[PDB]
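Before any questions on how it binds or moves, here is one chain, the form deposited in one PDB entry, in C-alpha cells.
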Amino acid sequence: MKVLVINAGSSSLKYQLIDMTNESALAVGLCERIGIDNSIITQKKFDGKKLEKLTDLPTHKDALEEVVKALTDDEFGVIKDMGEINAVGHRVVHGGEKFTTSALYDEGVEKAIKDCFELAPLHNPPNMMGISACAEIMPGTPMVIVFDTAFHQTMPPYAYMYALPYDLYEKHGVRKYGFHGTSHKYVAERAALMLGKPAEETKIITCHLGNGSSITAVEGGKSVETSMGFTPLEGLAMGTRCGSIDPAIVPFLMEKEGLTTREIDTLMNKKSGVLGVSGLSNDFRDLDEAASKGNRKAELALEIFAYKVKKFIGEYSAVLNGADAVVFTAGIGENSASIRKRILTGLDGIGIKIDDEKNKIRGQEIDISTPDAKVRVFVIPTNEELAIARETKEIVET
C-alpha cells in the first residue's frame, strides 16, 4: 500500500507519500502562499532530487492538484498514476475528542468534527481547508482522520473523571481527554520492540517533551493515564503553559488583576510556562545557555520543568505498578541530553539510572540506561507523518 499524509495550513500544505511496504518516504513536499500570490510548491524525491515550481495556488484544492502533479512527474516524481495513492491521512487535535477511533471520514464526520468546535476552550479549530480538498481531487480514495486524543480513550472512569459535580461531565462533557496521542502511541510500539517482547506484556511510560509536553502511562499497549486533560493546559509546566497549579489561583488572579475569562486563559497558555518564569524565552535551547551563563530565572525555570517530569515518572510508576521502560521523545526529549539528566538524576531509588555517555548521543534510537538499571530508558524520535500513515493503513486494512 501507499499512503499520502496531508497537513493543511493557513496558506500552506505539507505532504508525504509513504510506501507502507518498507515505510519509506518516497517523496516529501510543501505548498506555500496558498490563496496569496507568489505561490510555490517544493518537492523532494528520496533519491536526492528536489523540484520547485512557481505556479499560483488560489485554493488548497488547487494546491492538492499540484501535489499530485509532483508525485506523478516521471523525472522528479515517484508514481505514474494518481491511482497509486490508496489512502490519505490527516492529524486532528481539537474536534477529535469523543472519538475513540480514527474515522474513515464520511458525510457524518464533518459534523462530528464540527461539533467539538466551541466545546472546550480550544484555540485554532480544525483547518478543514486541506481536508475537504481530498473529496474533490480524489473521491474514490480512502481518507482517514487521525485523532490526537483517540489513543487515550481506553482510560478508566476513575482516571478521566474529575472530582467535580457529576452533572458537569454529563452536561458539558467535562473529563480528561489527553493529547499527543499519535506520538505517545508510536514510541510506545517502538519501546516494546526494543524490549524484545509483545506490546501486550509491556508497561511503558511515554514522555513527549516539546513546546507543549505530555506524559502517558502505557499498560499492555494501551493508554491508561495521561498528563493532560480537558485541555492541553493540564499537566507539566511547558514552553508557555502553567500546567496543574492550584485551581483557586485562577479566580484569585482574575479578581486581583481585574481580568476576564479570556484574559486568564491567555495568561495560563501563553504568558506562563518557562517563558513566564525565566522571563527570557519559551525556547529551551536558549534557556539552557542563559542558565549556564548564570541566569537565575532561566535556571529556576529549568528546575521546575525537569522536576515536574520527574514527579510524573514516579506518579505513573504507581499507576502501572512498576514500569519496564521510560521513553523520551519530541524536541526536548530527543536533542537535550542536558534536560534528560536533570530529569533522570536522583531516581536510582525507583530503578532509574542512565549512562552519561550514551546520553550524550543525539538523534538516534538508543537505550541510554545503565546495564544494571532495573528500568530501561529509551530515547525514541517521533515520526509524525509515519505515525499518521500507519494509522490510516490500520483502518483501511481492517
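For clarity, a rigid core is taken as the largest C-alpha set superposing within 1.5 Å between two forms. Heads up: residue numbers just count along the shown sequence, starting at 1.
The same protein also has a form deposited in another entry, omitted here; what follows describes it.
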Review point. With the rigid core superposed, which of 273, 130, 178, 235 has its C-alpha shift by 2 Å or more between this form and the one not shown?
Key: 130
Exercise for review: Answer yes if the CA of residue 60 moves 2 Å or more between this form and the one not shown after aligning the rigid core, and no otherwise.
Suggested key: yes
Point to revise | Threshold 2 Å Cα movement between this form and the one not shown for residue 154, core superposed | key: no
Review point. Is residue 82 among the residues whose Cα moves by 2 Å or more between this form and the one not shown after superposition of the rigid core?
Key: yes
Point to revise | Closer or farther: C-alpha pair residue 8/residue 331 in the other form, relative to this form, given a change of 3 Å or more | key: closer
Point to revise | Closer or farther: C-alpha pair residue 118/residue 266 in the other form, relative to this form, given a change of 3 Å or more | key: closer
